[PDB]
Protein chains: 2
Amino acid sequence: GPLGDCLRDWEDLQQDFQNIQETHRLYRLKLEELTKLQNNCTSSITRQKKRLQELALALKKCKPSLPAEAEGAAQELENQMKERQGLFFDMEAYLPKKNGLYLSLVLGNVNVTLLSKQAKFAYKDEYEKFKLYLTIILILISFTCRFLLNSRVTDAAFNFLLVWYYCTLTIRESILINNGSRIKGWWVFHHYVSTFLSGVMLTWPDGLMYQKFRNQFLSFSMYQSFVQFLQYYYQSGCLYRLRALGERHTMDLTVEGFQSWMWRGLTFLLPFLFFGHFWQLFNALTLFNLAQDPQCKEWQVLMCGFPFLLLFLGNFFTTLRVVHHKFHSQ
Amino acid sequence: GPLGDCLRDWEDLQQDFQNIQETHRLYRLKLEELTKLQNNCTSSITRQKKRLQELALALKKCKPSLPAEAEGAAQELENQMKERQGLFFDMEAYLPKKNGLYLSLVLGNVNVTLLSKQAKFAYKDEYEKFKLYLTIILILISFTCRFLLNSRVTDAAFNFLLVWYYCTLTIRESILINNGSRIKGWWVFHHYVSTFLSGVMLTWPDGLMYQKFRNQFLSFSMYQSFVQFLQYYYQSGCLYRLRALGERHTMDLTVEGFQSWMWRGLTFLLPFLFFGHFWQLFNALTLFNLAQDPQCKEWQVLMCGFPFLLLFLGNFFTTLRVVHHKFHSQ
Ligand SMILES: CC(C)(COP(=O)(O)OP(=O)(O)OC[C@H]1O[C@@H](n2cnc3c(N)ncnc32)[C@H](O)[C@@H]1OP(=O)(O)O)[C@@H](O)C(=O)NCCC(=O)NCCS
Ligand SMILES: CC(C)(COP(=O)(O)OP(=O)(O)OC[C@H]1O[C@@H](n2cnc3c(N)ncnc32)[C@H](O)[C@@H]1OP(=O)(O)O)[C@@H](O)C(=O)NCCC(=O)NCCS
C-alpha cells in the first residue's frame, strides 16, 4: 500500500505550491516596475540625444563666423560632445531596441540579448562555429559535384543549399547588428547579390552552353569556401585575443603585442583575398565573352554575368578601404 | 553670440547626465536580482514537474491492483493533479524558455514575448495581417501568370515568392508555438511538404509535357489562396469574439452566443475546405496518369506527384479529427 507516500507527498508539494506561488507573485511585481524603468530611461535618452544633436548643429553653423582664439574651447567642446555620444551608445546598448525594418518583416517581437556582456560575447562565438560547420558541408559537397558526378539533380541540390545558407546567415548577422557592431552594410548587400546569383543559376536550361560554365563556377565556389575556412581561424583568434586583452586577469597583455600579431595575421592573409577578387573578375569577363557568341540564346547568361562584376567592384573597394583605414590607424 | 545658450545647455544637460546615470545604475541592479529570481523559479518548477509526473506514474501503476471504493479519492486525485499541471503551464508561460531545436538552428537567443498578455495578444493579430497581405499579392500575381502570360521567367518568379513565403511563415509560427498555443504539428510539416513541392516544380525542364500541367497547378494555387482569404475572416472574428468574452468589460457575453456564432461560421466554411481537398487529390491522380504515358521521361513528374497525395492524406485526416473532436465537445 504505497498510497500513503503519495498523499503526504501531495500535501508537502502543496506547501511547496503556496511558498512558490508567493515568489511568483513578487516576481510579477518586480517585472512591472522594471518595465516602467526601461520605458522611462529610453524616453529620456531619446530626448537628450535630440537636444545634443540640435545644439551641435547650431554651434557648427555658428562656428565659421567665429575666430579660432575663442574657438579653442569650441574644439574641445565637440571633442567632448562626441564622447558624450559614445557614452550614450554605451547606455543604449542595454535598453530594448526597436527592430530594423528587415527583422520586422520576418518577426515583430524584441530580441536584444545584450542585457549582459557574457550573454552577448557567447553569441558571436556560436555564430562563428555555424559559419565554419556550414563551410565544411559546402566544400565537401562541392568536391563531389565537380570531380565525380555530372547530373543536374545534385547540382540543383547544391544550389538550394547555397541559397538557404545565405538567407539564414543574413538573419543572424542582422540581429548581431542591432545588438551592437560595425558590420559595414556592404557585407549584407553582398549576401543579397550572391543569393540572386545562385537563384538565376538554378533555372539555367542546359544544353551545349551550360557545360562550358559549370566547371569554372564549381571550382570558384570551392575556392571561396576555402577562404572562409582560413578567415574563421584569423577572426576567432582575434576575438579571443581581444577578450584576453580587455580581461586583464590573465596578465597585463599590452596592446602592442596584440597589434603586432593582428598585423602579421592580416598581412599574411591579404594575398589570398586579392587572388579571389581577381578570380571572380576574370569569371565575369569570360561569361560576357561567352554571351557574345551567336550560338547561345538564353537570358540567363547576362543576368549571371552582371552580379559577378558588381560583386567584384564592391568587394575590391571595401577591402581596400579597410586596409587603408587600418594603415592610417597603425 | 549664441555660444552662451550652448554652454549653459551644456552644464544643464550635465546635471541631467548625472541624475540619469544614477537611474541607469539602479536599473542595472534591479535587472540583476530579477535575473536571479527567474533562474530560481525555473529550477524549482522543473523539479516539481519531475516529482509530480513520477508520483503519478507510481500511482497509475499501482491503481489496477486496488479496488474502486478506495480508488474514489484516487480518481479525484488525478483530476486534481491534471489541474496542478495546468497551473504549472500557466506559471511557465512567463519565464523565459529554451528554443525548440528549429529556432536554435537559425537563432540562439531567447524570444519569449509573452511577458505580458497584451504583448502576446497583439502579436497574433500582426501575424494574421501578414498572412492576409501576402495572400493578396499571391492571388494577383497568380492571375497574371495564368490568364495573360506564357513565359518561364514570370513562372519562376511566382514559384520563388511561394518558397520564400512558406519559410518565413514557418518561422513566425514556430515562435508562436513556444510562446503558447495548440498548433497541431501537422500544420507545420504541411509547410515543409509544400516547400518541397514548389522547389521541385522550379527545376522542371519544359517541353511538350510541362504545358499539360501548368494550367491545373496555377488554377489550384489561385483557389487555395482564396480559401486563405476566407479563413482570415473567420479566424480573426473568432479571436476578437473570444477576447471580448474573456474581457467582461463590454458586457456579460455568455459562452452560448459565442459557441452558436462559431458553429454557424465553421459549418458554413467546411464545404469549401472539402472541395479543395478533393481538388488536390484529383490533381495527384491526373499527375500519375500523365506520368504513365510513355512519351515523357522526366524524374520531376513522380516527385511532383507524391507530395500532392501525401498532402491530401494529411489534410483530410486532420480536418476530420478537428471536426469530430469539436462535435464531441459540442
Ligand atoms: C575585413 C577583414 C579584413 C576583417 O577585418 P575586421 O576584423 O573586420 O577589422 P575591423 O576592426 O574593421 O572589424 C570591423 C567589424 O567587421 C565585422 N564583420 C562582420 N562580418 C564580417 C565579414 N564578413 N568580413 C569582415 N568583417 C566582418 C567584425 O566582426 C568587426 O566587428 P566586431 O569585431 O566589432 O564584431 C576581412 O574579414 C575581410 O577582408 N573580409 C573578406 C570578406 C570575404 O569573405 N571576401 C571573400 C572574397 S573571395
Ligand atoms: C482547423 C480549423 C477548423 C480552424 O479551427 P481552430 O480555430 O483551429 O479550432 P481549435 O479550437 O482547434 O484551434 C486550435 C488552434 O489551432 C491554431 N492554428 C494555427 N494555425 C492554424 C491553421 N493553419 N489552421 C487551423 N488552425 C490553426 C489556432 O490558432 C488555435 O490556437 P489558438 O486559437 O489557441 O491560437 C481550420 O482553420 C482548418 O480546418 N484549417 C484549414 C487548413 C488549410 O489551410 N487547409 C487548406 C486546404 S485547401
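About the thresholds
- Residues numbered from 1 in each chain as written, not as in the entry; some residues may be left out.
- Chains lettered and ligands numbered in written order.
- Heavy atoms only, no water.
- Contact = heavy atoms within 4.5 Å.
- Buried area = accessible area lost by both parts, 1.4 Å probe.
- Salt bridge = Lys/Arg side-chain N within 4 Å of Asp/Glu carboxyl O.
- Polar contact = N/O pair within 3.5 Å; in protein donor to acceptor, adjacent residues only side chain to side chain.
- Helix = DSSP H or I, 4+ residues; strand = E, 2+ residues; numbered from the N terminus.
- Nonpolar A, V, L, I, M, F, W, Y, C, P; charged D, E, K, R; others polar.
- UniProt positions renumbered as here; feature names shortened; annotations may be inferred.
- Buried < 20%, exposed > 50% of the residue type's maximum accessible area, 1.4 Å probe, protein only.
- Near = heavy atom within 4 Å.
- Areas by Shrake-Rupley, 256 points an atom, 1.4 Å probe, with all protein chains shown as cover.
- Core = buried A, V, L, I, M, F, W, Y, C linked by side-chain atoms within 4.5 Å.
- Least-squares fit on C-alpha atoms.

Visitor: Is there a simple way to think about the interface of chain A and chain B in this case?
Guide: Across the boundary between the two partners, chain A contributes 58 residues, which contact 58 residues of chain B. At the boundary of chain A with chain B, total buried surface from both sides reaches about 5600 Å², with 72% on carbon and sulfur atoms. Considering only the surface of chain A that becomes buried against chain B, A:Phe17, A:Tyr27 and A:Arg84 emerge as the three largest contributors, covering 12% of it. Along the contact surface separating chain A from chain B lie 2 salt bridges. Among the ionic pairs, B:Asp9 bridges to A:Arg51, the shortest N-O distance being 2.6 Å. Joining chain A to chain B, the criterion identifies 12 residue pairs in polar contact. Ranked by residues supplied to the side of chain A that touches chain B, first place goes to helix α1 (residues 3–62) of chain A with 27 residues. Each residue belonging to the side of chain A that touches chain B can be placed in one class, and the counts come to 35 nonpolar, 14 polar and 9 charged.

Visitor: Could you clarify how one ought to interpret the UniProt feature "binding site: CoA" in chain A in this entry?
Guide: Residues and elements named next belong to chain A. Within the UniProt annotation, "binding site: CoA" is assigned to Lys124, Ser181, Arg182, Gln231, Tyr234, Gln235, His277 and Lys326. For the residues just named, distributed over 203 residues, the greatest C-alpha separation reaches 26.5 Å, placing them at more than one site. Under the relative-accessibility criterion, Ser181 is labelled partly exposed at 29%. Non-local contacts of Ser181, meaning those with residues more than four positions away in its chain, are made with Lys120 and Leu176. Using a relative accessible area of 67% as the deciding quantity, one classes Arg182 as exposed.

Visitor: Looking at this model, I keep getting lost on the environment of A:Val193. Mind explaining?
Guide: Tracing the chain through its elements places A:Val193 in helix α5 (residues 186–202). Residues A:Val193 and A:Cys145, spaced 48 residues apart in sequence, show a C-alpha to C-alpha distance of 23 Å.

Visitor: Which parts of the structure should I look at to understand the UniProt feature "transmembrane region" in chain A?
Guide: Residue and element names in this part refer to chain A. Under the local residue numbering, the UniProt record ascribes the feature "transmembrane region" to residues 127–146, 153–171, 185–203, 213–234, 265–288 and 299–324. Across residues 153–171 one finds 100% helix and 0% strand; the C-alpha atoms that close the span lie 28 Å apart. When the span residues 299–324 is considered, its composition is 88% helix and 0% strand, and the gap between its end C-alpha atoms is 39 Å.

Visitor: Any chance you could explain the site of ligand 1 here in plain terms?
Guide: Residues and elements named next belong to chain A. Taken together, the neighbourhood of ligand 1 is formed by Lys124, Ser181, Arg182, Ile183, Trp187, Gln231, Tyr234, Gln235, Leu273 and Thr319. Within the backbone of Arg182, one N or O atom sits 3.3 Å away from an oxygen atom of ligand 1. Here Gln235 contributes a side-chain N or O atom positioned 3.4 Å from an oxygen atom of ligand 1. Calculation on ligand 1 without its partners gives an accessible area of 890 Å², and the protein chains cover 74% of this total. The dominant element in the shell around ligand 1, judged by the number of residues it contributes, is helix α6 (residues 214–246), at 3 residues.

Visitor: Even after reading the chapter, I still don't get the nonpolar core, so can you show me in this structure?
Guide: A:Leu138, A:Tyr165, A:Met201, A:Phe213, A:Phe217, A:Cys304 and A:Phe308 are the most contacted members of the largest nonpolar core, which has 26 residues in total. Going through the elements one at a time, α3 (118–147), α4 (153–179), α5, α6 and α7 (255–292) of chain A are the ones with two or more residues in this core. Looking at which element gives the most residues to this core, the answer is α4(A), with 6 residues. In this view, A:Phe213 contacts A:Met201, A:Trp204, A:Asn283, A:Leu287 and A:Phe308; residues no more than four positions away in its chain are not counted. Among the nonpolar cores identified, the runner-up in size contains 24 residues, and B:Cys145, B:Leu197, B:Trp204 and B:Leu287 belong to it.

Visitor: Explain the site of ligand 2 here, please?
Guide: All names here are of chain B. For ligand 2, the full set of nearby residues is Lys124, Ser181, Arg182, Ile183, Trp187, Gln231, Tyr234, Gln235, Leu273 and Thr319. Here an oxygen atom of ligand 2 and a side-chain polar atom of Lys124 are 3.4 Å apart. Between ligand 2 and the protein, one listed contact pairs an oxygen atom with a side-chain N or O atom of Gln231 at 2.7 Å. About the coverage of ligand 2: the protein hides 74% of its 890 Å² of free accessible area. For the shell around ligand 2, the element with the highest residue contribution is helix α6 (residues 214–246), accounting for 3 residues. Looking at the shell around ligand 2 residue by residue, the classes come out as 4 nonpolar, 4 polar and 2 charged.

Visitor: Whenever I open this one, the relation of the copies chain A and chain B confuses me. Can you help?
Guide: Turning chain A through 180° and shifting it by 0.0 Å along the axis lays it on chain B, with an RMSD of 0.0 Å. The relationship between the two copies is best expressed as a two-fold rotation axis. A share of 100% of interface residues in chain A that are also interface residues in chain B marks the association as one of identical surfaces.

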